[PDB]
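**Student:** To start, I am sharing the structure in question, which I have written as structure tokens.
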Amino acid sequence: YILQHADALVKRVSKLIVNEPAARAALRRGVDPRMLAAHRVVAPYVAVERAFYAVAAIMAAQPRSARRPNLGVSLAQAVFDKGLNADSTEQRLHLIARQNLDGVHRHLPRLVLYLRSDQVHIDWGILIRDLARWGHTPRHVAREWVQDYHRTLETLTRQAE
Amino acid sequence: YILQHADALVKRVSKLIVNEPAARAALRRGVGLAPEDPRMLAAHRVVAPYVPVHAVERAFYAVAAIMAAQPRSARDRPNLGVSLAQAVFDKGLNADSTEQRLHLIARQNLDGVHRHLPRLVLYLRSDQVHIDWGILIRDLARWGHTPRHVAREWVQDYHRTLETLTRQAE
Amino acid sequence: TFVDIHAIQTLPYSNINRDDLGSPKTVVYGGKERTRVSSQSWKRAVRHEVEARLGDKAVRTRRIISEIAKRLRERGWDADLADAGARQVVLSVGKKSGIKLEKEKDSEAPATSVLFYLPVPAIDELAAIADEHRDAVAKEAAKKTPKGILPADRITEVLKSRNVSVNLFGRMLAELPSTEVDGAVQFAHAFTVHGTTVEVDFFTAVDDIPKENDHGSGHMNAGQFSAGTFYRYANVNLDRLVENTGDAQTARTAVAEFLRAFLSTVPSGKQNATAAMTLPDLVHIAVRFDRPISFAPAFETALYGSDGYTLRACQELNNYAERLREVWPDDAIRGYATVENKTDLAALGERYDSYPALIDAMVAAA
Amino acid sequence: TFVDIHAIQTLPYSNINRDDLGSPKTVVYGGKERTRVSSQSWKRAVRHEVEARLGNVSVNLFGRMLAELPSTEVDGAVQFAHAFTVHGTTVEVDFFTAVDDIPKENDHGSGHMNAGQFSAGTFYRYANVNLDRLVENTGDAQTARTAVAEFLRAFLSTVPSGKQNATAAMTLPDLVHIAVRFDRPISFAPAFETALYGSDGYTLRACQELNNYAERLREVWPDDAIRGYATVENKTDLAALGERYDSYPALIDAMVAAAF
Amino acid sequence: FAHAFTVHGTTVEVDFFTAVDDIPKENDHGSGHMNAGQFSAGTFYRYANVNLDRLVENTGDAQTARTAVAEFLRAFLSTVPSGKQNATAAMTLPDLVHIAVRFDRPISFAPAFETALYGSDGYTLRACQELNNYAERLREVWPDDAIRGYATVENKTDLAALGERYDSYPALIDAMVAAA
RNA sequence: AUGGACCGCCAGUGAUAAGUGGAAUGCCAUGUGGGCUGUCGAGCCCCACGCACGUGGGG
DNA sequence: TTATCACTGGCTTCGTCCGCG
DNA sequence: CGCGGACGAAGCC
């Protein structure tokens, strides 16, 4: 379900950001009245509402240099490949895995936007449905993110035998 | 199967414990708590990669943490029932009372075993009782499919080994 | 001709009826243990409410001799003559010399071997029959092995007198099979819809006057309990009830009061400590003409859990009722009454706003 | 021409028939004891609904009237298999106490302590009826119609009467499968020679297991057997059992029609 | 007297605590290890019955039954078990009270809260509204002449089904006990 | 058509009454996120005008 | 801590007594 | 007054 509308947002929005600057600048200011300029693009496809609006905006606030796996596997592969700090991205993962629905959207933007910095691949659709899964199973999604991270880090280290 | 990864956890952990103070304190804070709970996430960093239904993962996390929350006095193929009966006969623990606690665990569910289990096992390891953690792990894994079977094995092993230990003292 | 009633009723930390050790009775049903309330206990609660409400009281007792002796003593008999006369009452019946008696206990009249289930005025009538033969009993008490003197036919005719409870639930008396009456009500064992593990409560009793030994070391016994949404079912074979009571109007009053009692009563098991009194969340009366059909298989697959079972249970009984009406076509008059309004529950027939309205409509429909 | 029926009827906590003691009858099969309701008990119940509904086809369809002297036809051309549980079942003891109504200046010394055994499970029931002997003996083919149709519906609807007032075990079969076979009768009993594991229920699992066994036997012996089955679940398909029917009497009608 | 359970699901919160040794030891300070004691919080539902005819049979007099019942109800609201309080001061008055005088039978409202409340927002209002809805539904399903009545701290709702509202707990108790 | 064929173990039943798990408890002492950096000719069609360089209207 | 713990039957032939018609 | 049904007499400790 949800993932279907999420894919509509990823293609449609993925085109408007890379294509039209005024919309890109009007949605990125909302990563509240200050984000109403964004509804005009994202509102018709929408706890899930908070998820969609936030992920579209954050997805849209990336630098141009940055313009089914989860987020944990993307982080572990970013550590192993791009050589980011491992132990520090480690505590930030452990801090997000405890937040509530409102905390994920306030702790999330730094790691995801910085992760996309230095061109790390991030499947936004899974991330969207994940932010939607905080309304019903926050702890479950958190556990999946962390587990995926460590498991894929271990397998990526062991396959480098 | 399962027992193979369980043995990796027993050497690793048991080896990563007495050889680490920060990891020991970070995994012990999650005894008797769901793996879903945030408070045990500091433990995944040590145990998460060996998790081979869902009941399992809960099993490995459980034992691992509970095994790690013992006092140092306890730090350094039989089941748990035989370990309890031999602990009664040898160490002289109460028999009739450990008896009702055994009879209460044998009825629990997958979530109840991990909440009633820590007192008897951690207290059993208190006063240095030998406990084969690998069998216990696979046992906690066997609650997802055959809870009643594993419970029956635990109790039977306890009474049978108690009887044989009493009769061999002829 | 078969009124059958289904009901879903939750009970919180109830432990209404215990085995010999205090654990709630359990069924390993569908592969999963589910606490149950025995049918005989709830059947007793229903019969006590029905008898209390309709005014006619039945007495199931093994010690009839003592009671008849008390009534005859209130009639002006001496205590010893009352005892001998009541012994004659129970001795003058049965094939052999008399009804088997338990070993006499010092200071009290012997208890009968088998339990008797007869109305109270019938006991008074037995006292009267023993009273009009006062001289025969007085003469026979002197004999070493007194024999029965009272007419056997008259006593057997009094023991055949039926209460509403006997007409409804039936009775059995092995020594006098002519009096045995077949029950008109089938009462199923109420089990939980979902699997329930028995929760252990560790309780202690405080000693009020302070002592050092009294506290610290001392520990006090652990008591078991359980909670859950019980499924309940019961049948009333109307033709047999009409044959037992004889009149159809008395059958109607008996059935209506029985169903209402069936909803109203609760077994009272440690209720002074748990207060489990609760009304059923759903009731489904059906007037089946071919055969009564319980919906227990609907819940043979245990519910998974994590979320409130009442709604999922009601939807499951609804869905299963629909499928049975498709698979087994019938003209049975269905009907239900529920507290939740989240669903229409189309298969359970016409909805009635209240339990008494439902009962009255259904019983009037038969 | 033999028409045989397989049913997977479940029964809640009950003691429909019992041994000389209180415990229910049990057949140790597949290494696991499993409760059973003997064939004669269920058959006698069937005899009462069939004869009650019919208002001498009963001495023909069933062997011989219990209270009549042998009339040279003691056989019946109907073969009831003993119903047995799909899974292993521990006899579940129910402790009960009869209450003494009159009370002395003592408390609760109840009238009668005891314990009676009960059990619950999903019985796999099975029966076959030899149409050919029935036609040769009854004569009229229409009498055969009413006998087999009415016998079949009776086979589904009835349940033995034993300790039922204390336990309401009335129920409808979850699965019915009538296979008009011309070669020979076959019971799918060995499908459950390995008792199914528990904790999630058995109706669906037993359904699919019987489907596997039907698939395989039909593979070893492809035949012209006319088949059909009806269930109380629409969620799972059982292609090996034939065409699906919306209801039990519809199925029975189609198979009695299929026989002639 | 029914077992008071939480309306919502509550996970036990382990509370790590230590005891400081007052005379300084250099190693002990760095080690600093002590046991963890577990607590919990939540909105409990509470229920109780008083079978008046039996109480009159026990005391004998009806007047002593009145003083006993009224004083009992007031005690029922006022008291708190005091288990581990010098460490956590949990003295609290009930947010809502609903006395009913049932003549046919007592009816507990525990099924109203069998579906645990989801959360993230304050449970008090949702619990009160749910008890209201269930009380309404039971008077609909089970018609009766039982004299109802309630007293509540929140003013966000009128709670029509809980009968006539009384301004204070002693006023409610006095009215109801005098009403029986 | 088998030491077989036909074939009910079955009618009844409160497990009851009573009950603090209670008293006490700092996870404390220590820490840069640091260095690098201008955002500056394909755009698809119709029409009008034009000095065919382009201008303008509409999508 | 204490009290409670069922009955009934699945043998033989005939005669006599009793209930009924 | 006749017919039908039910119980008893052992053998058995």
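Within each chain, counting starts at residue 1; across the structure tokens, chains are named A, B, ... in the order shown, with ligands numbered 1 upward in that order.
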Pick out the residues sitting within 8 Å of stretch 31-39 of chain C, and hand them over as a PyMOL selection string; count only C-alpha atoms (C1' of nucleotides), and ignore anything fewer than 2 positions along from it in its own chain.

**Tutor:** (chain C and resi 16-17+24-29+41-43+187-198+226+230+302) or (chain D and resi 166-167+197-202)

**Student:** Export, as a compact mmCIF listing (two decimals), in the first residue's frame, the selected residues with N, CA and C atoms.

**Tutor:**
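Full text of result.txt as output:
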```txt
# COMPACT_ATOMS: atom_id res chain seq x y z
N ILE C 16 -12.59 -17.52 38.16
CA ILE C 16 -13.90 -17.83 38.71
C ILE C 16 -13.99 -19.28 39.21
N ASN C 17 -13.46 -20.27 38.49
CA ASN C 17 -13.58 -21.61 39.05
C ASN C 17 -12.27 -22.35 38.92
N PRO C 24 -6.94 -22.11 37.24
CA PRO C 24 -8.14 -22.15 36.41
C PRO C 24 -8.11 -23.33 35.46
N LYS C 25 -9.27 -23.92 35.23
CA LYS C 25 -9.35 -25.08 34.36
C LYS C 25 -8.99 -24.66 32.94
N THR C 26 -8.21 -25.50 32.26
CA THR C 26 -7.71 -25.17 30.93
C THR C 26 -8.00 -26.29 29.94
N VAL C 27 -8.26 -25.90 28.70
CA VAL C 27 -8.37 -26.80 27.56
C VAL C 27 -7.18 -26.59 26.64
N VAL C 28 -6.50 -27.65 26.25
CA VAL C 28 -5.50 -27.55 25.20
C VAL C 28 -6.29 -27.74 23.91
N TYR C 29 -6.80 -26.64 23.39
CA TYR C 29 -7.70 -26.67 22.24
C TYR C 29 -7.10 -25.94 21.05
N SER C 41 -20.42 -25.57 36.94
CA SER C 41 -20.43 -24.44 37.87
C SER C 41 -21.37 -23.36 37.38
N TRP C 42 -21.18 -22.92 36.14
CA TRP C 42 -22.08 -21.92 35.59
C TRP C 42 -23.51 -22.41 35.53
N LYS C 43 -23.71 -23.70 35.30
CA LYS C 43 -25.06 -24.22 35.29
C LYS C 43 -25.68 -24.06 36.66
N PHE C 187 -25.43 -27.24 28.12
CA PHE C 187 -24.54 -26.16 28.55
C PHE C 187 -23.08 -26.45 28.26
N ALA C 188 -22.52 -25.72 27.30
CA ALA C 188 -21.14 -25.91 26.90
C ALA C 188 -20.16 -25.28 27.88
N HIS C 189 -18.96 -25.84 27.93
CA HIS C 189 -17.84 -25.30 28.70
C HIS C 189 -17.31 -24.03 28.06
N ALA C 190 -17.50 -22.91 28.73
CA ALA C 190 -17.03 -21.60 28.28
C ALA C 190 -15.51 -21.52 28.29
N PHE C 191 -14.88 -21.46 27.12
CA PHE C 191 -13.43 -21.33 27.00
C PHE C 191 -13.05 -19.98 26.42
N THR C 192 -11.78 -19.61 26.56
CA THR C 192 -11.31 -18.33 26.03
C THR C 192 -11.17 -18.39 24.53
N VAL C 193 -11.46 -17.27 23.88
CA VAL C 193 -11.24 -17.19 22.45
C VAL C 193 -9.77 -17.28 22.13
N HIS C 194 -8.92 -16.66 22.94
CA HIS C 194 -7.49 -16.63 22.71
C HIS C 194 -6.76 -17.46 23.75
N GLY C 195 -5.54 -17.86 23.42
CA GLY C 195 -4.74 -18.61 24.37
C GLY C 195 -4.30 -17.74 25.52
N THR C 196 -4.45 -18.25 26.74
CA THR C 196 -4.15 -17.49 27.96
C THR C 196 -3.24 -18.30 28.86
N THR C 197 -2.09 -17.73 29.21
CA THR C 197 -1.21 -18.34 30.19
C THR C 197 -1.64 -17.92 31.59
N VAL C 198 -1.64 -18.88 32.52
CA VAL C 198 -2.04 -18.58 33.89
C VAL C 198 -1.02 -17.67 34.55
N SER C 226 -6.31 -15.86 36.07
CA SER C 226 -6.34 -15.71 34.62
C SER C 226 -7.44 -14.75 34.19
N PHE C 230 -14.24 -15.03 27.24
CA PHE C 230 -14.79 -16.37 27.11
C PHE C 230 -15.86 -16.42 26.03
N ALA C 302 -6.55 -20.22 17.44
CA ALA C 302 -6.39 -19.21 18.48
C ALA C 302 -6.09 -17.85 17.88
N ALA D 166 -23.76 -31.94 29.67
CA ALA D 166 -22.70 -31.23 30.36
C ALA D 166 -21.76 -30.53 29.39
N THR D 167 -21.64 -31.02 28.15
CA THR D 167 -20.83 -30.38 27.13
C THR D 167 -21.62 -30.30 25.84
N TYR D 197 1.47 -30.97 14.08
CA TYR D 197 1.90 -30.18 15.22
C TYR D 197 0.85 -29.12 15.52
N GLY D 198 0.84 -28.64 16.76
CA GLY D 198 -0.13 -27.71 17.26
C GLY D 198 0.28 -26.25 17.30
N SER D 199 -0.40 -25.52 18.18
CA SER D 199 -0.27 -24.13 18.61
C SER D 199 -0.88 -23.13 17.64
N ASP D 200 -1.35 -23.52 16.46
CA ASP D 200 -1.98 -22.54 15.60
C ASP D 200 -3.34 -23.00 15.09
N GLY D 201 -3.85 -24.10 15.58
CA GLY D 201 -5.06 -24.69 15.06
C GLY D 201 -4.79 -25.69 13.96
N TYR D 202 -5.83 -26.43 13.59
CA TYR D 202 -5.66 -27.52 12.64
C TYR D 202 -6.60 -27.53 11.45
```

**Student:** Residue H:5: which residues within 12 Å, counting only C-alpha atoms (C1' of nucleotides), same-chain residues fewer than 3 positions away excluded, as a list in words?

**Tutor:**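 Residues near the query, excluding close chain neighbours: residues 16, 17, 18, 19 and 20 of chain G.
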
**Student:** Could the residues in this selection be written to a file with C-alpha atoms (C1' of nucleotides), as a short mmCIF file (atom, residue, chain, number, x, y, z; two decimals), in the first residue's frame?

**Tutor:**
```cif
data_model
loop_
_atom_site.label_atom_id
_atom_site.label_comp_id
_atom_site.auth_asym_id
_atom_site.auth_seq_id
_atom_site.Cartn_x
_atom_site.Cartn_y
_atom_site.Cartn_z
"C1'" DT G 16 -44.95 -67.30 42.05
"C1'" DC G 17 -46.90 -63.11 43.27
"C1'" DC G 18 -48.70 -59.00 42.17
"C1'" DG G 19 -50.78 -55.46 39.04
"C1'" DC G 20 -53.82 -55.17 35.44
#
```

**Student:** Just the residues within 10 Å of residue B:28, please, counting only C-alpha atoms (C1' of nucleotides), with nothing from its chain fewer than 3 positions along; format it as a compact mmCIF listing (two decimals) with C-alpha atoms, in the first residue's frame.

**Tutor:**
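around21.txt written:
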```
# COMPACT_ATOMS: atom_id res chain seq x y z
CA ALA B 23 30.54 -4.12 26.81
CA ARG B 24 29.57 -6.21 29.85
CA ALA B 25 27.80 -3.24 31.38
CA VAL B 31 17.97 -8.57 30.90
CA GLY B 32 14.31 -9.50 30.74
CA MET B 40 18.99 -2.85 24.94
CA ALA B 42 23.61 -0.91 23.10
CA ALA B 43 23.75 -4.72 23.11
CA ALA B 62 17.85 -12.84 26.40
CA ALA B 64 23.29 -13.38 26.20
CA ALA B 65 22.28 -10.48 28.44
CA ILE B 66 21.19 -12.59 31.43
CA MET B 67 24.34 -14.70 31.06
CA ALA B 68 26.23 -11.40 31.20
CA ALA B 69 24.50 -9.95 34.26
CA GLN B 70 26.03 -12.46 36.69
```

**Student:** Give me the chain G side of the contact with chain C, cut-off 7 Å, one line per residue showing its nearest atom pair and distance in Å at one decimal, counting only C-alpha atoms (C1' of nucleotides), sorted by chain and residue number, as a tab-separated table.

**Tutor:**
```
residue	atom	partner	partner_atom	distance
G:6	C1'	C:114	CA	4.9
G:7	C1'	C:174	CA	5.4
G:8	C1'	C:174	CA	5.8
```

**Student:** How would the residues just chosen look if you wrote them out with C-alpha atoms (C1' of nucleotides) as a short mmCIF file (atom, residue, chain, number, x, y, z; two decimals), in the first residue's frame?

**Tutor:**
```
data_model
loop_
_atom_site.label_atom_id
_atom_site.label_comp_id
_atom_site.auth_asym_id
_atom_site.auth_seq_id
_atom_site.Cartn_x
_atom_site.Cartn_y
_atom_site.Cartn_z
"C1'" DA G 6 -22.57 -42.14 44.30
"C1'" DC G 7 -25.37 -45.46 42.34
"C1'" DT G 8 -26.89 -48.99 38.47
#
```

**Student:** Please tabulate, as CSV, the residues of chain A that come within 12 Å of chain E, each with its closest pair of atoms and the distance in Å to one decimal, counting only C-alpha atoms and ordering rows by chain, then residue number upward.

**Tutor:**
```
residue,atom,partner,partner_atom,distance
A:47,CA,E:120,CA,11.5
A:100,CA,E:120,CA,8.7
A:101,CA,E:120,CA,9.1
A:102,CA,E:120,CA,10.2
A:134,CA,E:120,CA,11.3
A:135,CA,E:120,CA,9.4
A:136,CA,E:118,CA,8.8
A:137,CA,E:118,CA,11.0
A:138,CA,E:120,CA,11.4
```

**Student:** Write a file of the selected residues as a PDB file, in the first residue's frame, keeping N, CA and C atoms.

**Tutor:**
```pdb
ATOM      1  N   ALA A  47      -0.071  10.622  10.764  1.00  0.00           N
ATOM      2  CA  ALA A  47       1.334  10.288  11.022  1.00  0.00           C
ATOM      3  C   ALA A  47       2.077  10.106   9.708  1.00  0.00           C
ATOM      4  N   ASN A 100      10.707   9.245  19.185  1.00  0.00           N
ATOM      5  CA  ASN A 100       9.298   9.094  18.856  1.00  0.00           C
ATOM      6  C   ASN A 100       9.043   9.594  17.435  1.00  0.00           C
ATOM      7  N   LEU A 101       7.768   9.677  17.049  1.00  0.00           N
ATOM      8  CA  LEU A 101       7.449  10.101  15.692  1.00  0.00           C
ATOM      9  C   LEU A 101       7.915  11.526  15.430  1.00  0.00           C
ATOM     10  N   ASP A 102       7.852  12.386  16.439  1.00  0.00           N
ATOM     11  CA  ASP A 102       8.288  13.760  16.258  1.00  0.00           C
ATOM     12  C   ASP A 102       9.801  13.885  16.378  1.00  0.00           C
ATOM     13  N   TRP A 134       6.398   4.716  11.940  1.00  0.00           N
ATOM     14  CA  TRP A 134       6.558   5.204  13.306  1.00  0.00           C
ATOM     15  C   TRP A 134       5.219   5.411  14.003  1.00  0.00           C
ATOM     16  N   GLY A 135       4.146   5.648  13.252  1.00  0.00           N
ATOM     17  CA  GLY A 135       2.861   5.876  13.888  1.00  0.00           C
ATOM     18  C   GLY A 135       2.298   4.638  14.554  1.00  0.00           C
ATOM     19  N   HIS A 136       2.668   3.460  14.060  1.00  0.00           N
ATOM     20  CA  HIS A 136       2.159   2.204  14.588  1.00  0.00           C
ATOM     21  C   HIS A 136       3.227   1.341  15.236  1.00  0.00           C
ATOM     22  N   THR A 137       4.403   1.197  14.631  1.00  0.00           N
ATOM     23  CA  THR A 137       5.457   0.351  15.188  1.00  0.00           C
ATOM     24  C   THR A 137       6.788   1.085  15.150  1.00  0.00           C
ATOM     25  N   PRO A 138       6.992   2.046  16.063  1.00  0.00           N
ATOM     26  CA  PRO A 138       8.236   2.833  16.039  1.00  0.00           C
ATOM     27  C   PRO A 138       9.434   1.971  16.349  1.00  0.00           C
TER      28      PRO A 138
END
```

**Student:** Considering only C-alpha atoms, give me a table of residues in chain C that are at most 10 Å from chain E, with the closest atom pair and distance in Å for each, as a tab-separated table.

**Tutor:**
```
residue	atom	partner	partner_atom	distance
C:9	CA	E:111	CA	8.5
C:10	CA	E:111	CA	6.3
C:11	CA	E:111	CA	7.5
C:12	CA	E:110	CA	6.8
C:13	CA	E:3	CA	7.4
C:14	CA	E:2	CA	9.1
C:228	CA	E:114	CA	9.2
C:229	CA	E:111	CA	9.1
C:264	CA	E:105	CA	7.8
C:265	CA	E:105	CA	8.8
C:271	CA	E:1	CA	7.9
C:272	CA	E:1	CA	6.3
C:273	CA	E:1	CA	5.5
C:274	CA	E:2	CA	4.3
C:275	CA	E:2	CA	4.6
C:276	CA	E:2	CA	7.1
C:277	CA	E:107	CA	5.6
C:278	CA	E:107	CA	5.2
C:279	CA	E:107	CA	6.7
C:280	CA	E:111	CA	9.1
C:281	CA	E:111	CA	8.0
C:282	CA	E:141	CA	9.9
C:306	CA	E:116	CA	9.3
C:307	CA	E:115	CA	6.4
C:308	CA	E:115	CA	4.1
C:309	CA	E:115	CA	7.4
C:310	CA	E:114	CA	7.9
C:311	CA	E:115	CA	8.9
C:337	CA	E:141	CA	7.4
C:338	CA	E:141	CA	7.4
C:339	CA	E:137	CA	5.8
C:340	CA	E:137	CA	8.0
C:341	CA	E:137	CA	9.2
C:352	CA	E:141	CA	9.0
C:353	CA	E:141	CA	6.2
C:354	CA	E:141	CA	4.1
C:355	CA	E:141	CA	6.0
C:356	CA	E:142	CA	7.5
C:357	CA	E:141	CA	9.2
C:358	CA	E:141	CA	9.9
```

**Student:** Would you mind listing what lies within 12 Å of residue G:3 as a PDB file with N, CA, C and O atoms (P, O5', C5', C4', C3', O3' and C1' of nucleotides), in the first residue's frame, with only C-alpha atoms (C1' of nucleotides) counted and same-chain residues fewer than 4 positions away left out?

**Tutor:**
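Wrote selection30.pdb, looks like this:
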```pdb
ATOM      1  N   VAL D  99     -22.307 -30.089  45.004  1.00  0.00           N
ATOM      2  CA  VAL D  99     -22.513 -29.227  46.168  1.00  0.00           C
ATOM      3  C   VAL D  99     -23.686 -29.715  47.008  1.00  0.00           C
ATOM      4  O   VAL D  99     -24.746 -30.070  46.482  1.00  0.00           O
ATOM      5  N   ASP D 100     -23.475 -29.787  48.316  1.00  0.00           N
ATOM      6  CA  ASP D 100     -24.523 -30.142  49.266  1.00  0.00           C
ATOM      7  C   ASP D 100     -25.326 -28.900  49.634  1.00  0.00           C
ATOM      8  O   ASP D 100     -24.757 -27.923  50.130  1.00  0.00           O
ATOM      9  N   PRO D 103     -26.658 -27.030  54.757  1.00  0.00           N
ATOM     10  CA  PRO D 103     -25.348 -26.896  55.403  1.00  0.00           C
ATOM     11  C   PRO D 103     -25.326 -27.004  56.923  1.00  0.00           C
ATOM     12  O   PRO D 103     -26.101 -26.319  57.597  1.00  0.00           O
ATOM     13  N   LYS D 104     -24.455 -27.840  57.488  1.00  0.00           N
ATOM     14  CA  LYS D 104     -24.394 -27.943  58.944  1.00  0.00           C
ATOM     15  C   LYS D 104     -23.486 -26.844  59.494  1.00  0.00           C
ATOM     16  O   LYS D 104     -22.965 -26.005  58.754  1.00  0.00           O
ATOM     17  N   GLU D 105     -23.274 -26.836  60.814  1.00  0.00           N
ATOM     18  CA  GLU D 105     -22.402 -25.827  61.418  1.00  0.00           C
ATOM     19  C   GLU D 105     -20.932 -26.232  61.241  1.00  0.00           C
ATOM     20  O   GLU D 105     -20.188 -26.495  62.180  1.00  0.00           O
ATOM     21  N   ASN D 106     -20.574 -26.354  59.971  1.00  0.00           N
ATOM     22  CA  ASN D 106     -19.265 -26.703  59.441  1.00  0.00           C
ATOM     23  C   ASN D 106     -19.311 -26.091  58.056  1.00  0.00           C
ATOM     24  O   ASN D 106     -20.392 -25.788  57.548  1.00  0.00           O
ATOM     25  N   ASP D 107     -18.164 -25.898  57.432  1.00  0.00           N
ATOM     26  CA  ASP D 107     -18.235 -25.220  56.149  1.00  0.00           C
ATOM     27  C   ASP D 107     -17.564 -25.922  54.986  1.00  0.00           C
ATOM     28  O   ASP D 107     -16.415 -26.363  55.076  1.00  0.00           O
ATOM     29  N   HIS D 108     -18.355 -26.063  53.920  1.00  0.00           N
ATOM     30  CA  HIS D 108     -17.973 -26.506  52.589  1.00  0.00           C
ATOM     31  C   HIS D 108     -17.685 -27.991  52.431  1.00  0.00           C
ATOM     32  O   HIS D 108     -17.181 -28.391  51.378  1.00  0.00           O
ATOM     33  N   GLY D 109     -17.979 -28.826  53.419  1.00  0.00           N
ATOM     34  CA  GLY D 109     -17.719 -30.235  53.201  1.00  0.00           C
ATOM     35  C   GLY D 109     -18.647 -30.796  52.139  1.00  0.00           C
ATOM     36  O   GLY D 109     -19.543 -31.588  52.433  1.00  0.00           O
ATOM     37  N   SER D 110     -18.418 -30.370  50.895  1.00  0.00           N
ATOM     38  CA  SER D 110     -19.173 -30.712  49.691  1.00  0.00           C
ATOM     39  C   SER D 110     -19.713 -32.127  49.561  1.00  0.00           C
ATOM     40  O   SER D 110     -19.199 -33.074  50.159  1.00  0.00           O
ATOM     41  N   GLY D 111     -20.741 -32.270  48.728  1.00  0.00           N
ATOM     42  CA  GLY D 111     -21.404 -33.552  48.583  1.00  0.00           C
ATOM     43  C   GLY D 111     -20.587 -34.616  47.872  1.00  0.00           C
ATOM     44  O   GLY D 111     -20.640 -35.786  48.251  1.00  0.00           O
ATOM     45  N   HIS D 112     -19.823 -34.249  46.842  1.00  0.00           N
ATOM     46  CA  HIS D 112     -19.120 -35.313  46.114  1.00  0.00           C
ATOM     47  C   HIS D 112     -17.922 -34.802  45.325  1.00  0.00           C
ATOM     48  O   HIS D 112     -18.092 -34.124  44.311  1.00  0.00           O
ATOM     49  N   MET D 113     -16.724 -35.198  45.742  1.00  0.00           N
ATOM     50  CA  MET D 113     -15.497 -34.896  45.020  1.00  0.00           C
ATOM     51  C   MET D 113     -15.262 -35.963  43.959  1.00  0.00           C
ATOM     52  O   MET D 113     -15.482 -37.149  44.210  1.00  0.00           O
TER      53      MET D 113
ATOM     54  P     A F  15     -16.963 -27.528  39.919  1.00  0.00           P
ATOM     55  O5'   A F  15     -15.513 -26.920  40.052  1.00  0.00           O
ATOM     56  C5'   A F  15     -14.700 -27.282  41.150  1.00  0.00           C
ATOM     57  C4'   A F  15     -15.093 -26.477  42.345  1.00  0.00           C
ATOM     58  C3'   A F  15     -14.485 -25.088  42.374  1.00  0.00           C
ATOM     59  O3'   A F  15     -15.405 -24.171  42.946  1.00  0.00           O
ATOM     60  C1'   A F  15     -13.829 -26.271  44.294  1.00  0.00           C
ATOM     61  P     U F  16     -15.312 -22.622  42.561  1.00  0.00           P
ATOM     62  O5'   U F  16     -15.728 -21.872  43.887  1.00  0.00           O
ATOM     63  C5'   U F  16     -14.786 -21.721  44.925  1.00  0.00           C
ATOM     64  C4'   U F  16     -15.412 -22.072  46.239  1.00  0.00           C
ATOM     65  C3'   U F  16     -14.825 -21.432  47.470  1.00  0.00           C
ATOM     66  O3'   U F  16     -15.337 -20.132  47.664  1.00  0.00           O
ATOM     67  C1'   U F  16     -15.181 -23.748  47.832  1.00  0.00           C
ATOM     68  P     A F  17     -14.488 -18.857  47.194  1.00  0.00           P
ATOM     69  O5'   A F  17     -14.734 -17.819  48.360  1.00  0.00           O
ATOM     70  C5'   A F  17     -15.889 -17.949  49.166  1.00  0.00           C
ATOM     71  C4'   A F  17     -15.537 -18.144  50.611  1.00  0.00           C
ATOM     72  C3'   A F  17     -14.311 -17.410  51.112  1.00  0.00           C
ATOM     73  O3'   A F  17     -14.550 -16.034  51.362  1.00  0.00           O
ATOM     74  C1'   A F  17     -14.278 -19.634  51.884  1.00  0.00           C
TER      75        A F  17
END
```

**Student:** Give me, as number ranges by chain, the residues of chain A that a backbone DSSP run labels helix (DSSP H, G or I).

**Tutor:** A: 3-19, 21-28, 33-45, 48-60, 71-82, 86-96, 101-116, 124-132, 138-158

**Student:** Please measure the separation of atom CA of residue B:94 and atom CA of residue B:124, giving the value in Å to one decimal.

**Tutor:**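 Pair atom CA of residue B:94 / atom CA of residue B:124 returns 11.2 Å.
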
**Student:** What residues in chain C lie within 6 Å of chain D, counting only C-alpha atoms, written as a PyMOL selection string?

**Tutor:** chain C and resi 30-32+60-61+186-188+293-294+300-301+323+327

**Student:** Using Å and a single decimal, report how far atom CA of residue A:79 sits from atom CA of residue A:153.

**Tutor:** 8.3 Å

**Student:** To one decimal place, how far is atom CA of residue C:80 from atom CA of residue C:110 in Å?

**Tutor:**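 Going from atom CA of residue C:80 over to atom CA of residue C:110 covers 13.6 Å.
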